[PDB]
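Next comes final_29.txt, with compact mmCIF, C-alpha atoms and all ligand atoms.
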```txt
# COMPACT_ATOMS: atom_id res chain seq x y z
CA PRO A 1 -6.60 17.72 -1.79
CA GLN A 2 -5.27 16.60 1.61
CA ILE A 3 -6.35 13.14 2.58
CA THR A 4 -5.95 11.96 6.16
CA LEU A 5 -5.67 8.22 6.87
CA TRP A 6 -8.37 7.51 9.44
CA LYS A 7 -10.34 5.88 6.60
CA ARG A 8 -8.97 4.11 3.53
CA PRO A 9 -7.90 6.75 0.99
CA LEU A 10 -10.53 5.73 -1.55
CA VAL A 11 -11.11 7.85 -4.65
CA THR A 12 -13.27 7.63 -7.75
CA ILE A 13 -11.36 6.88 -10.91
CA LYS A 14 -12.50 6.81 -14.51
CA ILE A 15 -10.90 4.14 -16.66
CA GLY A 16 -12.03 2.82 -20.08
CA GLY A 17 -14.84 5.34 -19.73
CA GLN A 18 -16.14 3.49 -16.65
CA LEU A 19 -16.15 4.90 -13.10
CA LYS A 20 -14.63 2.82 -10.34
CA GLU A 21 -13.45 3.31 -6.78
CA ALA A 22 -9.78 2.72 -6.08
CA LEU A 23 -7.38 3.05 -3.17
CA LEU A 24 -4.38 5.43 -3.26
CA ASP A 25 -1.67 3.02 -2.25
CA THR A 26 1.77 4.42 -1.57
CA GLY A 27 2.88 0.83 -0.92
CA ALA A 28 2.15 -0.20 -4.52
CA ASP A 29 4.81 0.38 -7.16
CA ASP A 30 2.12 -0.28 -9.77
CA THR A 31 -1.55 0.32 -10.40
CA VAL A 32 -3.64 -2.84 -10.28
CA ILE A 33 -7.28 -2.80 -11.28
CA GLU A 34 -9.84 -5.63 -10.92
CA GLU A 35 -10.60 -7.71 -14.00
CA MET A 36 -12.43 -5.62 -16.56
CA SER A 37 -12.46 -5.06 -20.34
CA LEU A 38 -9.99 -2.37 -21.25
CA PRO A 39 -9.35 -0.94 -24.71
CA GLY A 40 -5.78 -1.56 -25.87
CA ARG A 41 -3.10 -4.20 -26.42
CA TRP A 42 -1.70 -5.90 -23.32
CA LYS A 43 1.13 -8.14 -22.11
CA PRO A 44 1.09 -10.89 -19.46
CA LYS A 45 2.89 -9.78 -16.32
CA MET A 46 3.33 -11.30 -12.84
CA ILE A 47 3.26 -9.06 -9.78
CA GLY A 48 3.72 -9.81 -6.12
CA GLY A 49 2.04 -8.62 -2.98
CA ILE A 50 1.86 -9.59 0.67
CA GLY A 51 0.42 -13.03 0.05
CA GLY A 52 2.24 -14.01 -3.08
CA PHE A 53 2.27 -13.56 -6.85
CA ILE A 54 -0.52 -13.14 -9.36
CA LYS A 55 -0.74 -12.96 -13.17
CA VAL A 56 -1.95 -9.68 -14.63
CA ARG A 57 -2.52 -8.08 -18.02
CA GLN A 58 -0.20 -5.11 -18.44
CA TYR A 59 -1.72 -2.21 -20.36
CA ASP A 60 0.62 0.67 -21.12
CA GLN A 61 -0.23 4.31 -21.66
CA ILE A 62 -3.80 3.98 -20.37
CA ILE A 63 -5.63 7.25 -19.80
CA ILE A 64 -7.19 7.37 -16.33
CA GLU A 65 -8.72 10.12 -14.25
CA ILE A 66 -7.98 9.81 -10.54
CA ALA A 67 -10.03 12.08 -8.28
CA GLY A 68 -10.44 14.56 -11.13
CA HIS A 69 -6.75 14.44 -12.08
CA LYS A 70 -5.50 13.00 -15.32
CA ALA A 71 -2.77 10.38 -15.53
CA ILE A 72 -1.72 8.33 -18.53
CA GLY A 73 0.29 5.24 -17.75
CA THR A 74 0.68 1.56 -17.02
CA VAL A 75 -2.36 -0.13 -15.58
CA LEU A 76 -2.21 -3.80 -14.58
CA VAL A 77 -5.54 -5.68 -14.74
CA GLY A 78 -5.96 -8.77 -12.66
CA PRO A 79 -7.44 -10.59 -9.64
CA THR A 80 -6.57 -7.93 -7.05
CA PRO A 81 -8.71 -7.78 -3.89
CA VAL A 82 -9.31 -4.07 -4.54
CA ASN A 83 -8.51 -1.48 -7.22
CA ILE A 84 -5.28 0.22 -6.26
CA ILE A 85 -3.60 3.31 -7.61
CA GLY A 86 0.15 2.86 -7.24
CA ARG A 87 3.13 5.16 -7.35
CA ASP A 88 3.47 5.07 -11.14
CA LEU A 89 0.26 7.14 -11.36
CA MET A 90 0.32 8.87 -8.00
CA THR A 91 3.51 10.65 -9.04
CA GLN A 92 1.62 11.79 -12.19
CA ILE A 93 -1.01 13.57 -10.11
CA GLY A 94 1.59 15.18 -7.82
CA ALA A 95 0.75 13.14 -4.72
CA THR A 96 3.18 13.20 -1.78
CA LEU A 97 3.14 11.80 1.77
CA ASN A 98 3.49 14.43 4.44
CA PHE A 99 3.84 14.44 8.22
CA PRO B 1 8.64 15.92 6.16
CA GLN B 2 7.34 15.54 2.62
CA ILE B 3 7.98 12.31 0.82
CA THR B 4 7.60 12.16 -2.93
CA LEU B 5 6.58 8.89 -4.51
CA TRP B 6 9.26 8.55 -7.20
CA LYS B 7 10.80 5.89 -5.00
CA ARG B 8 9.28 3.55 -2.41
CA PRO B 9 8.53 5.72 0.66
CA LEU B 10 10.91 3.92 3.04
CA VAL B 11 11.58 5.35 6.49
CA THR B 12 13.62 4.17 9.46
CA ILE B 13 11.57 2.81 12.35
CA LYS B 14 12.46 1.54 15.79
CA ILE B 15 10.55 -1.38 17.24
CA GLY B 16 11.43 -3.83 19.97
CA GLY B 17 14.80 -2.17 20.36
CA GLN B 18 15.70 -2.67 16.71
CA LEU B 19 16.11 -0.27 13.82
CA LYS B 20 14.59 -1.33 10.51
CA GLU B 21 13.52 0.19 7.22
CA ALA B 22 9.76 0.25 6.69
CA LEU B 23 7.46 1.25 3.83
CA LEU B 24 4.78 3.89 4.50
CA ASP B 25 1.78 2.12 3.04
CA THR B 26 -1.48 4.03 2.72
CA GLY B 27 -3.04 0.85 1.22
CA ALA B 28 -2.31 -1.11 4.39
CA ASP B 29 -4.93 -1.02 7.14
CA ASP B 30 -2.47 -2.61 9.52
CA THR B 31 1.24 -2.54 10.26
CA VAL B 32 3.24 -5.69 9.50
CA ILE B 33 6.85 -6.18 10.51
CA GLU B 34 9.25 -8.88 9.32
CA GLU B 35 9.59 -11.88 11.58
CA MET B 36 11.28 -10.83 14.86
CA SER B 37 11.24 -12.30 18.37
CA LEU B 38 9.08 -9.69 20.03
CA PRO B 39 8.20 -10.52 23.64
CA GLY B 40 4.71 -10.45 25.10
CA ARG B 41 1.61 -12.27 24.13
CA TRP B 42 -0.21 -12.16 20.89
CA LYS B 43 -2.99 -13.75 18.97
CA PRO B 44 -2.87 -15.36 15.54
CA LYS B 45 -4.26 -13.35 12.67
CA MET B 46 -4.39 -13.77 8.92
CA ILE B 47 -3.95 -10.75 6.69
CA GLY B 48 -4.28 -10.67 2.96
CA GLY B 49 -3.37 -8.56 0.02
CA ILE B 50 -2.19 -9.19 -3.50
CA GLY B 51 -1.42 -12.90 -3.82
CA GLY B 52 -3.26 -14.29 -0.81
CA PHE B 53 -2.84 -14.28 2.93
CA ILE B 54 -0.03 -14.73 5.43
CA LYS B 55 -0.30 -15.80 9.08
CA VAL B 56 1.02 -13.24 11.52
CA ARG B 57 1.17 -12.74 15.27
CA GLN B 58 -0.80 -9.78 16.51
CA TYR B 59 0.79 -7.66 19.26
CA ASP B 60 -1.15 -4.83 20.88
CA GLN B 61 0.18 -1.57 22.32
CA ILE B 62 3.57 -1.96 20.68
CA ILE B 63 5.60 1.22 20.63
CA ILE B 64 7.22 2.10 17.34
CA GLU B 65 9.13 5.17 16.39
CA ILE B 66 8.47 6.08 12.72
CA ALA B 67 10.96 8.53 11.17
CA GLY B 68 11.49 9.96 14.66
CA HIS B 69 7.77 10.07 15.43
CA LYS B 70 6.52 8.01 18.35
CA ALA B 71 3.43 5.87 17.98
CA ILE B 72 1.86 3.05 19.92
CA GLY B 73 -0.51 0.45 18.59
CA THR B 74 -1.10 -2.94 17.03
CA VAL B 75 1.77 -4.54 15.17
CA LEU B 76 1.53 -7.78 13.22
CA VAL B 77 4.67 -9.87 12.92
CA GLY B 78 5.00 -12.47 10.20
CA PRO B 79 6.59 -13.47 6.88
CA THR B 80 6.03 -10.11 5.13
CA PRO B 81 8.40 -9.31 2.20
CA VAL B 82 8.89 -5.76 3.52
CA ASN B 83 8.20 -3.94 6.79
CA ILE B 84 4.94 -2.07 6.27
CA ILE B 85 3.66 0.84 8.27
CA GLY B 86 -0.09 0.97 7.80
CA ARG B 87 -2.82 3.49 8.46
CA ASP B 88 -3.25 2.42 12.06
CA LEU B 89 0.17 3.98 12.86
CA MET B 90 0.39 6.60 10.07
CA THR B 91 -2.65 8.33 11.51
CA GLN B 92 -0.73 8.60 14.81
CA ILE B 93 2.19 10.44 13.21
CA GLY B 94 -0.24 12.80 11.42
CA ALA B 95 0.60 11.53 7.90
CA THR B 96 -1.54 12.72 4.99
CA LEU B 97 -1.77 12.23 1.24
CA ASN B 98 -1.57 15.46 -0.69
CA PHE B 99 -2.13 16.43 -4.31
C1 LIG C 101 9.04 -7.19 -13.84
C2 LIG C 101 8.57 -6.34 -12.66
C3 LIG C 101 7.04 -6.33 -12.54
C4 LIG C 101 6.56 -5.51 -11.35
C5 LIG C 101 6.30 -6.31 -10.07
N1 LIG C 101 6.19 -5.40 -8.94
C6 LIG C 101 5.72 -5.79 -7.76
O1 LIG C 101 5.28 -6.92 -7.56
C7 LIG C 101 5.69 -4.75 -6.66
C8 LIG C 101 6.89 -4.93 -5.75
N2 LIG C 101 4.46 -4.92 -5.90
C9 LIG C 101 3.97 -4.00 -5.08
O2 LIG C 101 4.51 -2.90 -4.88
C10 LIG C 101 2.65 -4.36 -4.39
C11 LIG C 101 1.41 -3.92 -5.19
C12 LIG C 101 1.30 -4.49 -6.62
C13 LIG C 101 2.25 -3.81 -7.59
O3 LIG C 101 2.63 -2.66 -7.31
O4 LIG C 101 2.64 -4.42 -8.61
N3 LIG C 101 2.59 -3.79 -3.06
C14 LIG C 101 1.90 -4.41 -2.11
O5 LIG C 101 1.27 -5.47 -2.31
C15 LIG C 101 1.90 -3.74 -0.72
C16 LIG C 101 2.94 -4.44 0.18
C17 LIG C 101 4.21 -4.79 -0.53
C18 LIG C 101 5.02 -3.78 -1.07
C19 LIG C 101 6.19 -4.10 -1.79
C20 LIG C 101 6.54 -5.43 -1.98
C21 LIG C 101 5.72 -6.45 -1.44
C22 LIG C 101 4.57 -6.12 -0.72
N4 LIG C 101 0.57 -3.94 -0.20
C23 LIG C 101 -0.50 -3.49 -0.86
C24 LIG C 101 -1.86 -3.84 -0.25
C25 LIG C 101 -3.00 -3.05 -0.88
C26 LIG C 101 -4.29 -3.84 -0.65
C27 LIG C 101 -5.50 -2.95 -0.61
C28 LIG C 101 -4.43 -4.94 -1.68
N5 LIG C 101 -2.03 -3.90 1.20
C29 LIG C 101 -1.89 -5.04 1.86
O6 LIG C 101 -1.57 -6.09 1.30
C30 LIG C 101 -2.17 -4.99 3.36
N6 LIG C 101 -3.51 -5.53 3.59
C31 LIG C 101 -4.48 -4.77 4.09
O7 LIG C 101 -4.29 -3.62 4.43
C32 LIG C 101 -5.86 -5.40 4.25
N7 LIG C 101 -6.20 -6.30 3.11
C33 LIG C 101 -6.04 -6.10 5.60
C34 LIG C 101 -5.68 -7.59 5.62
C35 LIG C 101 -6.88 -8.48 5.91
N8 LIG C 101 -7.27 -8.42 7.32
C36 LIG C 101 -7.82 -9.43 7.99
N9 LIG C 101 -8.04 -10.61 7.40
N10 LIG C 101 -8.17 -9.26 9.26
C37 LIG C 101 -1.10 -5.75 4.16
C38 LIG C 101 0.30 -5.14 3.88
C39 LIG C 101 -1.43 -5.68 5.65
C40 LIG C 101 7.44 -7.29 -9.80
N11 LIG C 101 7.29 -8.12 -8.77
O8 LIG C 101 7.36 -8.45 -10.29
```

Would you write out, as structure tokens, the structure that this file holds?
Amino acid sequence: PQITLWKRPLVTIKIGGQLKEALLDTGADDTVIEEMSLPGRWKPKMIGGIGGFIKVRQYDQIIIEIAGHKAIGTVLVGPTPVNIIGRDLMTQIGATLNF
Amino acid sequence: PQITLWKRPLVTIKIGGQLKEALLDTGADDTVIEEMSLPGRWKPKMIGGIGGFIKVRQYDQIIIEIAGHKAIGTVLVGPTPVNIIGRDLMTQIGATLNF
């Protein structure tokens, strides 16, 4: 759909069979989800944001539904202030910025 | 225009008489520009994201041109790793997320 930006672009996602709310973040290269149990093997990764760097668990090829759209890709799990859907998955659902 | 998300959505902006590259960030409530000697008064603010918080100076009614589109609003100036155009200004240029 078309999402304006007067409110945070929050969407419902389904990951690991669990529903969550996440923010479509064009400023995120990656997808970072709050600490949770996720089925699959993972690798320790460090990612940076506005305030610094954090350690995350990198899960590859994770199936996730974002606003009713399917994406299968890298999901980082860690102490992020909010669940964020980055460009790696936004490109999968055909999301573009327009003005 | 339409901006795909294969790459970081960087656009040219003009603020305080300077041209800079900024990231269109739908996950940013506010706009934060790299440290620059902007005149006028401001008030201290702390903004956070992945990794923690950074202290910035908050300037109100700052005019910024984003990819040729004029906007006027609140701009935070501080030690940000990249110039970020948030929702407060993206709404002014009529930017939407589409998929
Ligand atoms: C081996 C490579 C591994 C990959 C790894 N990649 C990264 O770290 C890349 C660059 N990081 C990013 O792209 C990260 C997101 C995490 C991620 O994608 O991994 N992006 C980001 O963190 C971008 C800004 C940014 C972009 C690029 C570089 C640096 C910074 N911000 C994302 C973020 C989303 C938010 C909901 C948590 N928004 C914000 O941080 C903004 N914050 C907000 O909008 C609010 N929290 C308001 C602040 C609080 N207000 C207050 N106290 N009154 C801020 C910019 C004003 C590399 N570093 O190591």

Q: Measure the distance from atom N8 of ligand LIG 101 (chain C) to CA of residue 28 (chain B) in Å and round it to one decimal.
A: 9.3 Å

With ligand LIG 101 (chain C) as the partner and 10 Å as the cut-off, tabulate the residues of chain A that qualify, each row holding the nearest pair of atoms and their distance in Å to one decimal, using all atoms listed in the file, sorted by chain and rising number, as JSON lines.
```
{"residue": "A:8", "atom": "CA", "partner": "C:LIG101", "partner_atom": "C27", "distance": 8.9}
{"residue": "A:22", "atom": "CA", "partner": "C:LIG101", "partner_atom": "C27", "distance": 9.0}
{"residue": "A:23", "atom": "CA", "partner": "C:LIG101", "partner_atom": "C27", "distance": 6.8}
{"residue": "A:24", "atom": "CA", "partner": "C:LIG101", "partner_atom": "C27", "distance": 8.9}
{"residue": "A:25", "atom": "CA", "partner": "C:LIG101", "partner_atom": "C25", "distance": 6.4}
{"residue": "A:26", "atom": "CA", "partner": "C:LIG101", "partner_atom": "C15", "distance": 8.2}
{"residue": "A:27", "atom": "CA", "partner": "C:LIG101", "partner_atom": "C15", "distance": 4.7}
{"residue": "A:28", "atom": "CA", "partner": "C:LIG101", "partner_atom": "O2", "distance": 3.6}
{"residue": "A:29", "atom": "CA", "partner": "C:LIG101", "partner_atom": "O3", "distance": 3.7}
{"residue": "A:30", "atom": "CA", "partner": "C:LIG101", "partner_atom": "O3", "distance": 3.5}
{"residue": "A:31", "atom": "CA", "partner": "C:LIG101", "partner_atom": "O3", "distance": 6.0}
{"residue": "A:32", "atom": "CA", "partner": "C:LIG101", "partner_atom": "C12", "distance": 6.4}
{"residue": "A:33", "atom": "CA", "partner": "C:LIG101", "partner_atom": "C12", "distance": 9.9}
{"residue": "A:45", "atom": "CA", "partner": "C:LIG101", "partner_atom": "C3", "distance": 6.6}
{"residue": "A:46", "atom": "CA", "partner": "C:LIG101", "partner_atom": "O8", "distance": 5.6}
{"residue": "A:47", "atom": "CA", "partner": "C:LIG101", "partner_atom": "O1", "distance": 3.7}
{"residue": "A:48", "atom": "CA", "partner": "C:LIG101", "partner_atom": "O1", "distance": 3.6}
{"residue": "A:49", "atom": "CA", "partner": "C:LIG101", "partner_atom": "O5", "distance": 3.3}
{"residue": "A:50", "atom": "CA", "partner": "C:LIG101", "partner_atom": "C22", "distance": 4.6}
{"residue": "A:51", "atom": "CA", "partner": "C:LIG101", "partner_atom": "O6", "distance": 7.3}
{"residue": "A:52", "atom": "CA", "partner": "C:LIG101", "partner_atom": "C21", "distance": 8.5}
{"residue": "A:53", "atom": "CA", "partner": "C:LIG101", "partner_atom": "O1", "distance": 7.3}
{"residue": "A:54", "atom": "CA", "partner": "C:LIG101", "partner_atom": "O1", "distance": 8.7}
{"residue": "A:55", "atom": "CA", "partner": "C:LIG101", "partner_atom": "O8", "distance": 9.7}
{"residue": "A:56", "atom": "CA", "partner": "C:LIG101", "partner_atom": "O4", "distance": 9.2}
{"residue": "A:58", "atom": "CA", "partner": "C:LIG101", "partner_atom": "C3", "distance": 9.4}
{"residue": "A:75", "atom": "CA", "partner": "C:LIG101", "partner_atom": "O4", "distance": 9.6}
{"residue": "A:76", "atom": "CA", "partner": "C:LIG101", "partner_atom": "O4", "distance": 7.7}
{"residue": "A:80", "atom": "CA", "partner": "C:LIG101", "partner_atom": "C28", "distance": 6.5}
{"residue": "A:81", "atom": "CA", "partner": "C:LIG101", "partner_atom": "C28", "distance": 5.6}
{"residue": "A:82", "atom": "CA", "partner": "C:LIG101", "partner_atom": "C27", "distance": 5.6}
{"residue": "A:83", "atom": "CA", "partner": "C:LIG101", "partner_atom": "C27", "distance": 7.4}
{"residue": "A:84", "atom": "CA", "partner": "C:LIG101", "partner_atom": "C27", "distance": 6.5}
{"residue": "A:85", "atom": "CA", "partner": "C:LIG101", "partner_atom": "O3", "distance": 8.6}
{"residue": "A:86", "atom": "CA", "partner": "C:LIG101", "partner_atom": "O3", "distance": 6.1}
{"residue": "A:87", "atom": "CA", "partner": "C:LIG101", "partner_atom": "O3", "distance": 7.8}
{"residue": "A:88", "atom": "CA", "partner": "C:LIG101", "partner_atom": "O3", "distance": 8.7}
```

Moved chain B, fitted on chain A by every C-alpha in sequence order, as a PDB file with C-alpha atoms, keeping the file's coordinate frame:
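Heads up, here's the output in part_3.pdb:
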```
ATOM      1  CA  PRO B   1      -6.922  17.749  -1.464  1.00  0.00           C
ATOM      2  CA  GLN B   2      -5.621  16.322   1.797  1.00  0.00           C
ATOM      3  CA  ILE B   3      -6.556  12.803   2.706  1.00  0.00           C
ATOM      4  CA  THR B   4      -6.145  11.626   6.266  1.00  0.00           C
ATOM      5  CA  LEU B   5      -5.435   7.974   6.888  1.00  0.00           C
ATOM      6  CA  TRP B   6      -8.101   7.180   9.494  1.00  0.00           C
ATOM      7  CA  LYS B   7      -9.926   5.355   6.732  1.00  0.00           C
ATOM      8  CA  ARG B   8      -8.679   3.659   3.560  1.00  0.00           C
ATOM      9  CA  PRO B   9      -7.756   6.488   1.144  1.00  0.00           C
ATOM     10  CA  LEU B  10     -10.333   5.615  -1.532  1.00  0.00           C
ATOM     11  CA  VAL B  11     -10.901   7.967  -4.455  1.00  0.00           C
ATOM     12  CA  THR B  12     -13.086   7.813  -7.550  1.00  0.00           C
ATOM     13  CA  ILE B  13     -11.218   7.088 -10.773  1.00  0.00           C
ATOM     14  CA  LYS B  14     -12.274   6.867 -14.389  1.00  0.00           C
ATOM     15  CA  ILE B  15     -10.682   4.275 -16.630  1.00  0.00           C
ATOM     16  CA  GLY B  16     -11.835   2.732 -19.873  1.00  0.00           C
ATOM     17  CA  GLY B  17     -15.028   4.740 -19.682  1.00  0.00           C
ATOM     18  CA  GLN B  18     -15.927   3.372 -16.261  1.00  0.00           C
ATOM     19  CA  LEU B  19     -16.060   4.944 -12.827  1.00  0.00           C
ATOM     20  CA  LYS B  20     -14.611   2.905  -9.974  1.00  0.00           C
ATOM     21  CA  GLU B  21     -13.354   3.389  -6.444  1.00  0.00           C
ATOM     22  CA  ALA B  22      -9.600   2.958  -6.062  1.00  0.00           C
ATOM     23  CA  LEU B  23      -7.176   2.944  -3.131  1.00  0.00           C
ATOM     24  CA  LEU B  24      -4.255   5.408  -3.184  1.00  0.00           C
ATOM     25  CA  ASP B  25      -1.428   3.044  -2.359  1.00  0.00           C
ATOM     26  CA  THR B  26       2.010   4.490  -1.673  1.00  0.00           C
ATOM     27  CA  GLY B  27       3.265   0.895  -1.126  1.00  0.00           C
ATOM     28  CA  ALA B  28       2.303  -0.074  -4.670  1.00  0.00           C
ATOM     29  CA  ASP B  29       4.884   0.502  -7.398  1.00  0.00           C
ATOM     30  CA  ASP B  30       2.248  -0.163 -10.016  1.00  0.00           C
ATOM     31  CA  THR B  31      -1.445   0.444 -10.568  1.00  0.00           C
ATOM     32  CA  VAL B  32      -3.739  -2.596 -10.588  1.00  0.00           C
ATOM     33  CA  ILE B  33      -7.392  -2.464 -11.552  1.00  0.00           C
ATOM     34  CA  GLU B  34     -10.033  -5.149 -11.024  1.00  0.00           C
ATOM     35  CA  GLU B  35     -10.698  -7.395 -13.980  1.00  0.00           C
ATOM     36  CA  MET B  36     -12.317  -5.359 -16.799  1.00  0.00           C
ATOM     37  CA  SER B  37     -12.468  -5.839 -20.571  1.00  0.00           C
ATOM     38  CA  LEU B  38     -10.080  -3.092 -21.567  1.00  0.00           C
ATOM     39  CA  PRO B  39      -9.333  -3.009 -25.299  1.00  0.00           C
ATOM     40  CA  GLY B  40      -5.872  -2.876 -26.822  1.00  0.00           C
ATOM     41  CA  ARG B  41      -2.956  -5.167 -26.487  1.00  0.00           C
ATOM     42  CA  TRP B  42      -1.093  -6.092 -23.405  1.00  0.00           C
ATOM     43  CA  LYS B  43       1.539  -8.386 -22.081  1.00  0.00           C
ATOM     44  CA  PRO B  44       1.303 -10.832 -19.195  1.00  0.00           C
ATOM     45  CA  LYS B  45       2.922  -9.796 -15.952  1.00  0.00           C
ATOM     46  CA  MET B  46       3.057 -11.209 -12.454  1.00  0.00           C
ATOM     47  CA  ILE B  47       2.948  -8.864  -9.491  1.00  0.00           C
ATOM     48  CA  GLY B  48       3.332  -9.810  -5.888  1.00  0.00           C
ATOM     49  CA  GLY B  49       2.673  -8.484  -2.463  1.00  0.00           C
ATOM     50  CA  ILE B  50       1.481  -9.916   0.810  1.00  0.00           C
ATOM     51  CA  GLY B  51       0.350 -13.489   0.170  1.00  0.00           C
ATOM     52  CA  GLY B  52       2.005 -14.192  -3.169  1.00  0.00           C
ATOM     53  CA  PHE B  53       1.541 -13.149  -6.755  1.00  0.00           C
ATOM     54  CA  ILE B  54      -1.332 -12.655  -9.174  1.00  0.00           C
ATOM     55  CA  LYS B  55      -1.216 -12.736 -12.985  1.00  0.00           C
ATOM     56  CA  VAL B  56      -2.306  -9.508 -14.611  1.00  0.00           C
ATOM     57  CA  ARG B  57      -2.453  -8.017 -18.088  1.00  0.00           C
ATOM     58  CA  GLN B  58      -0.214  -5.029 -18.579  1.00  0.00           C
ATOM     59  CA  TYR B  59      -1.620  -2.116 -20.609  1.00  0.00           C
ATOM     60  CA  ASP B  60       0.570   0.851 -21.500  1.00  0.00           C
ATOM     61  CA  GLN B  61      -0.447   4.486 -21.977  1.00  0.00           C
ATOM     62  CA  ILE B  62      -3.838   3.988 -20.368  1.00  0.00           C
ATOM     63  CA  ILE B  63      -5.541   7.214 -19.404  1.00  0.00           C
ATOM     64  CA  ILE B  64      -7.024   7.332 -15.938  1.00  0.00           C
ATOM     65  CA  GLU B  65      -8.607  10.202 -14.139  1.00  0.00           C
ATOM     66  CA  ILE B  66      -7.814  10.037 -10.388  1.00  0.00           C
ATOM     67  CA  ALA B  67     -10.028  12.206  -8.152  1.00  0.00           C
ATOM     68  CA  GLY B  68     -10.457  14.556 -11.118  1.00  0.00           C
ATOM     69  CA  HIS B  69      -6.755  14.522 -11.975  1.00  0.00           C
ATOM     70  CA  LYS B  70      -5.753  13.207 -15.381  1.00  0.00           C
ATOM     71  CA  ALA B  71      -2.886  10.770 -15.707  1.00  0.00           C
ATOM     72  CA  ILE B  72      -1.629   8.435 -18.381  1.00  0.00           C
ATOM     73  CA  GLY B  73       0.487   5.367 -17.876  1.00  0.00           C
ATOM     74  CA  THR B  74       0.757   1.645 -17.289  1.00  0.00           C
ATOM     75  CA  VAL B  75      -2.234  -0.120 -15.807  1.00  0.00           C
ATOM     76  CA  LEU B  76      -2.292  -3.770 -14.791  1.00  0.00           C
ATOM     77  CA  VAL B  77      -5.620  -5.565 -14.931  1.00  0.00           C
ATOM     78  CA  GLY B  78      -6.172  -8.753 -12.982  1.00  0.00           C
ATOM     79  CA  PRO B  79      -7.812 -10.449  -9.984  1.00  0.00           C
ATOM     80  CA  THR B  80      -6.898  -7.742  -7.434  1.00  0.00           C
ATOM     81  CA  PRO B  81      -9.140  -7.535  -4.307  1.00  0.00           C
ATOM     82  CA  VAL B  82      -9.291  -3.732  -4.625  1.00  0.00           C
ATOM     83  CA  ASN B  83      -8.465  -1.180  -7.323  1.00  0.00           C
ATOM     84  CA  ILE B  84      -5.029   0.175  -6.455  1.00  0.00           C
ATOM     85  CA  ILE B  85      -3.492   3.381  -7.665  1.00  0.00           C
ATOM     86  CA  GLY B  86       0.258   3.034  -7.323  1.00  0.00           C
ATOM     87  CA  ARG B  87       3.216   5.375  -7.400  1.00  0.00           C
ATOM     88  CA  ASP B  88       3.492   5.267 -11.169  1.00  0.00           C
ATOM     89  CA  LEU B  89       0.234   7.293 -11.396  1.00  0.00           C
ATOM     90  CA  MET B  90       0.311   9.084  -8.008  1.00  0.00           C
ATOM     91  CA  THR B  91       3.489  10.846  -9.058  1.00  0.00           C
ATOM     92  CA  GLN B  92       1.564  12.161 -12.093  1.00  0.00           C
ATOM     93  CA  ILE B  93      -1.138  13.771  -9.953  1.00  0.00           C
ATOM     94  CA  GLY B  94       1.537  15.334  -7.699  1.00  0.00           C
ATOM     95  CA  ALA B  95       0.620  13.257  -4.609  1.00  0.00           C
ATOM     96  CA  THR B  96       2.904  13.426  -1.573  1.00  0.00           C
ATOM     97  CA  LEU B  97       3.132  11.937   1.903  1.00  0.00           C
ATOM     98  CA  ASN B  98       3.278  14.541   4.623  1.00  0.00           C
ATOM     99  CA  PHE B  99       3.978  14.457   8.346  1.00  0.00           C
TER     100      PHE B  99
END
```

Q) Distance CA of residue 89 (chain B)-CA of residue 12 (chain B), one decimal place? A) 13.9 Å

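The nearest approach to residue 62 (chain A) among the residues A:2, A:37, A:91, A:74, with all atoms listed in the file taken into account, belongs to A:74.
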
Q: Using only C-alpha atoms, collect all residues at a distance of at most 8 Å from (-10.7, 14.0, -7.6) as written in the file, then present them as JSON, numbers by chain.
A: {"A": [11, 12, 13, 65, 66, 67, 68, 69]}

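Take CA of residue 93 (chain B) and CA of residue 94 (chain A): the distance between them is 21.6 Å.
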
Q.
So that I can see what lies close to residue 1 (chain A), please list as a PyMOL selection string the residues with an atom at most 9 Å from it, counting only C-alpha atoms and leaving out residues fewer than 5 positions away in the same chain.
A. chain B and resi 97-99

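Comparing B:15, B:90, B:36, B:95 by their smallest distance to residue 61 (chain B), the closest is B:15 (using only C-alpha atoms).
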